[PDB]
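*Asks:* Sharing a structure below in structure tokens format, with a few things to ask.
FYI, it's all coordinate maths here, none of it is from the lab. Using ideal geometry, Cβ is built from the backbone for each residue, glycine included, and neighbour counts are taken over all protein chains shown.
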Amino acid sequence: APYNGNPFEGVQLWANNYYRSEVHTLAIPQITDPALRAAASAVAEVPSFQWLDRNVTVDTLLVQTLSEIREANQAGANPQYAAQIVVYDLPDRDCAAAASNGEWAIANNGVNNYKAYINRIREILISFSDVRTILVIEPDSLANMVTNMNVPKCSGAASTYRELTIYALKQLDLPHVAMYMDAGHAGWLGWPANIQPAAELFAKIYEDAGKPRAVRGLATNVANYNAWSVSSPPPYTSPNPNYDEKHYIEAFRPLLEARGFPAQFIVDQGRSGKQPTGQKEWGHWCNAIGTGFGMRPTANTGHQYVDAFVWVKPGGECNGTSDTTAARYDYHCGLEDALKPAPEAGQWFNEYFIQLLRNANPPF
Ligand SMILES: CO[C@@H]1O[C@H](CO)[C@@H](O[C@@H]2O[C@H](CO)[C@@H](S[C@@H]3O[C@H](CO)[C@@H](O[C@@H]4O[C@H](CO)[C@@H](O)[C@H](O)[C@H]4O)[C@H](O)[C@H]3O)[C@H](O)[C@H]2O)[C@H](O)[C@H]1O
Ligand SMILES: *[C@@H]1O[C@H](CO)[C@@H](O)[C@H](O)[C@H]1NC(C)=O
């Protein structure tokens with residue numbers, strides 16, 4: 001079915017069984033404290049995005065979640081539940097990263113692999129047209145074209161990132177779908193020197209895709225820890241005037257809008273509850289200490305440019321291993337402000353989950 005306006009309005013957000021199963025089968029059994037177990041049980045019901053970060057998730061997790069939502073909706077959910085999904089499998093993924101877990105390479109049929117990926121997701125979404133579906137498109141992709149074109153892998157991947165983003169925006173432009181392209185965070189693209197070129201890039205992509213109706217705007221702070229709005233700039237933000245997501249979005253949207261893209265925003269707050277964080281530098285993204293679960297997902301943001309506060313990166317799922325000998329070890333995960341020992345990216349990290357619980361704001 002079609003919708004008008006903010007896709008988060010008039011629906012409830014589904015909390016998926018993948019995350020719920022991590023909490024119940026992996027987290028809770030390691031927790032003996034009654035209060036923390038009850039808090040954990042509660043966090044399992046908070047509706048976070050489900051990531052299609054590996055091809056195998058398409059015909060498993062995506063189908064499962066949409067099937068489960070349809071079942072719940074047909075069983076009388078009111079209002080109806082909506083899905084929240086991340087598309088995250090570009091070839092030569094994370095081009096500026098020290099290490100990537102992306103499975104596909106441009107040199108190894110990655111373009112065709114990705115197009116097939118998008119085409120299968122399209123088929124599944126059509127099959128589940130009765131479940132409104134909100135997508136985040138490719139974290140850590142086009143933000144690299146703004147600042148990291150000096151990196152050979154990024155320069156070599158740029159035309160592919162662009163073409164394939166346009167491909168996804170057109171192929172997933174379906175009436176029951178909404179899309180938000182990733183747009184980094186205040187401490188990446190919000191810096192004054194970066195913000196106009198970022199607006200130029202995103203608005204051009206939007207134009208080049210034919211301004212598809214399903215595209216609502218942009219997603220910010222995905223997998224990061226920034227504040228939505230705080231009175232004093234965290235120390236590691238200096239000297240950025242855009243020291244929180246509200247400042248970034250208020251500066252960014254007029255630039256985008258003048259360029260033909262009046263983007264609405266969704267802002268990750270899943271690990272933003274504690275401010276300031278334990279990050280020693282803004283760019284320390286990996287398993288940062290001193291962070292907490294943040295404000296609960298809601299369409300009622302109170303801000304004219306923000307369609308929803310969301311939990312995109314699910315807290316407790318590791319950002320990367322701290323084992324320096326591991327094949328895909330990223331040195332950011334070995335820093336003094338990265339919690340250790342940490343398992344491989346995407347694996348449950350229980351000590352990190354407990355940290356997020358203890359620092360939760362609002363508390364569980
Ligand atoms: C006054 O001029 C400005 O000075 C400041 C301070 O020196 C400059 O700040 C620096 O901006 C850089 C970007 O231009 C970033 S690097 C940026 O960091 C982010 C994380 O915050 C990286 O994205 C993450 O990438 C990970 C993989 O490596 C992903 O796993 C993760 O999901 C992403 O968030 C990004 O790739 C990097 O390019 C510096 O941290 C910051 O100090 C500013 O540039 C000057 O204009
Ligand atoms: C991706 O998964 C699909 C099934 O959803 C499969 O048909 C395809 O072969 C997989 N892609 C690659 C490159 O292995």
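*Asks:* I'd like the isolated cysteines in the chain, meaning no second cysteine's beta-carbon lies under 4.7 angstrom from theirs.
*Replies:* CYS318
*Asks:* Sticking with this structure for a sec: Measure out, as a whole number of angstrom, how far apart the alpha-carbon centroids of segment 212-258 and segment 269-305 sit.
*Replies:* What the calculation gives is 12 Å, centre to centre.
*Asks:* Something else now. Can you put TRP311, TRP228, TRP191, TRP348 in order, fewest other beta carbons within 10 Å first?
*Replies:* Details: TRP311 25, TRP228 22, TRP191 19, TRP348 16.
In increasing order of surrounding Cβ atoms, one gets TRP348, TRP191, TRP228, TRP311.
*Asks:* Another question, if that's okay. Excluding same-chain pairs closer than 8 in sequence, count the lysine pairs in the chain whose Cα atoms lie under 23 Å apart.
*Replies:* Count of close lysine pairs: 15.
*Asks:* Over the chain, what is the mean sequence separation of C-alpha contacts under 8 Å (at least six apart), divided by residue count, expressed as relative contact order in percent?
*Replies:* Working: 740 pairs, mean separation 55.5, N = 364.
Taking the mean separation of contacting Cα pairs over the length of the chain, I get 15 percent.
*Asks:* Could I ask something else about it? In the chain, which helices (entire DSSP H runs) extend 15 Å or more along their own long axis, judged by Cα positions, while averaging at least -1.0 on the Kyte-Doolittle scale?
*Replies:* Values: long enough: 63-74 (16 Å, -0.77); 110-127 (26 Å, -0.16); 152-171 (29 Å, -0.35); 192-208 (25 Å, -0.18); 245-258 (20 Å, -0.46).
Helices passing the filter in the chain: 63-74, 110-127, 152-171, 192-208, 245-258.
*Asks:* When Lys and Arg each count +1 and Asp and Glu each count -1, what net charge do the other residues less than 12 Å away from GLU351, Cβ to Cβ, add up to? Don't skip to the answer; put the middle values down first.
*Replies:* Values: positive: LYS340, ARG358; negative: none.
Local net charge: +2.
*Asks:* Mind sorting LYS313, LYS170, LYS211, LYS246 by how few other Cβ atoms lie within 10 Å of their own Cβ, fewest first?
*Replies:* Details: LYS313 23, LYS170 16, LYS211 13, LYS246 20.
Ranked by crowding around the Cβ, least crowded first: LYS211, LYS170, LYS246, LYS313.
*Asks:* With contacts defined as alpha carbon pairs under 8 Å and 6 or more residues apart, what's the relative contact order of segment 1-134 in percent? If you can, show how the numbers build up before the last one.
*Replies:* Values: 150 pairs, mean separation 39.6, N = 134.
Normalised by residue count, the contact order of segment 1-134 is 30 percent.
*Asks:* Sticking with this one: Taking the Cβ of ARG54 as the centre, find all other residues whose Cβ is under 10 Å away and add up their charges (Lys, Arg: +1; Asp, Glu: -1). Numbers along the way, then the final one.
*Replies:* Values: positive: none; negative: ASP53, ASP89, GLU103.
Here the count lands on -3.
*Asks:* Full-extension gain between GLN304 and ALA327, please, as 0.36 nm times their residue separation minus the C-alpha to C-alpha distance.
*Replies:* Numbers: separation 23, 0.36 × 23 = 8.28 nm, distance 4.48 nm.
The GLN304-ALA327 span can extend by a further 3.8 nm.
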